[PDB]
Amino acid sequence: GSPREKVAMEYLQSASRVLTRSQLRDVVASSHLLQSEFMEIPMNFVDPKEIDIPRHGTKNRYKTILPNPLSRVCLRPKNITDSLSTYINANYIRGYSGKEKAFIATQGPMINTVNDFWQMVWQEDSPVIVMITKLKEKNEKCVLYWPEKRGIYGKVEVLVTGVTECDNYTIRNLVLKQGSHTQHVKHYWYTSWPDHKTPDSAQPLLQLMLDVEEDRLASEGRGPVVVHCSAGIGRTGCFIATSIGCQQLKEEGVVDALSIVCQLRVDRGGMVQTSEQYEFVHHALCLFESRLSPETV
């Protein structure tokens, strides 16, 4: 929601700036007009008066960054009544062309939400988790929520079967279990995002992006890809917007980043949280465009 509700939602649902590949290259060259464009996009943060689940604040890492009701991920453990047991700071995110539930954006788990997080990964049959933050960056950003080899979290067991190092991220193959059932999940941990600025190069992110895309292509029938950083909106929003925009560039030869970010704001308030992040998404789109086959006919 926003102070002027209709003005803000009308904007989010109508703003558009379709960029040809040439225009995309020019826009980043002019990293000045992106800032004013960014400032025009409503945050769509959730008015706490809206949501009504007593003490949900205990499970929010950032008190003002909440899951918009319409797309909130509700937990369904088959045996709890704590009410807060059905709550998690996470939202379903629409993908390219509005594809329903392509991703789930969520905050970095807190000690008291680790079980909830796995309950989500389990009930949603999520095939991939993308983590874009260190556990600490000057101050706490996220809690360690997975085991070195094996762990129990509520009624969900997580087994770490393998670990592979890469560019600026590490991949952990995971196996989740509940009784007679198993679920595979690949955990990507991107640790090199700078503490005080956006990545100098978008190459590591696009590599991660491509790896996750191959996972999605082979996981038809499964659930949304889970993405989180600390508050679950900044780096998280950058990763998702970049993924959606690179697909538009590849399939259509153009990209509407403004529309993409607006739709993300609709799904989760604050997605792509700073102007620097907004510029970074465009730089990442530019790097991707630089690798496409030529337009000259």
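Numbers follow the displayed sequence, beginning with 1.
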Problem - Between the two ranges 221 to 229 and 190 to 198, the one averaging a larger CA B factor in the entry - result: 190 to 198
Problem - Segment of higher mean CA temperature factor, 46 to 54 or 252 to 260 - result: 46 to 54
Handout entry: Residue selected from 97, 133, 168, 119 by maximal Cα B factor
Key = 168
Practice task
Name the residue from 163, 185, 205, 110 with the greatest C-alpha temperature factor listed in the entry.
Solution key: 163
Practice task
Could you tell me which third, lowest, middle or highest, the C-alpha B-factor of residue 82 occupies within its chain?
Solution key: highest
Completion exercise
Among the modelled residues of its chain, the C-alpha B-factor of residue 36 falls in the third labelled middle
Practice task
Give the position of residue 76 by CA B-factor within its chain, expressed as the lowest, middle or highest third.
Solution key: middle
Completion exercise
In terms of its chain's C-alpha B-factors, the third that includes residue 123 is the middle
Completion exercise
residue 25: CA B-factor among chain residues, third -> highest
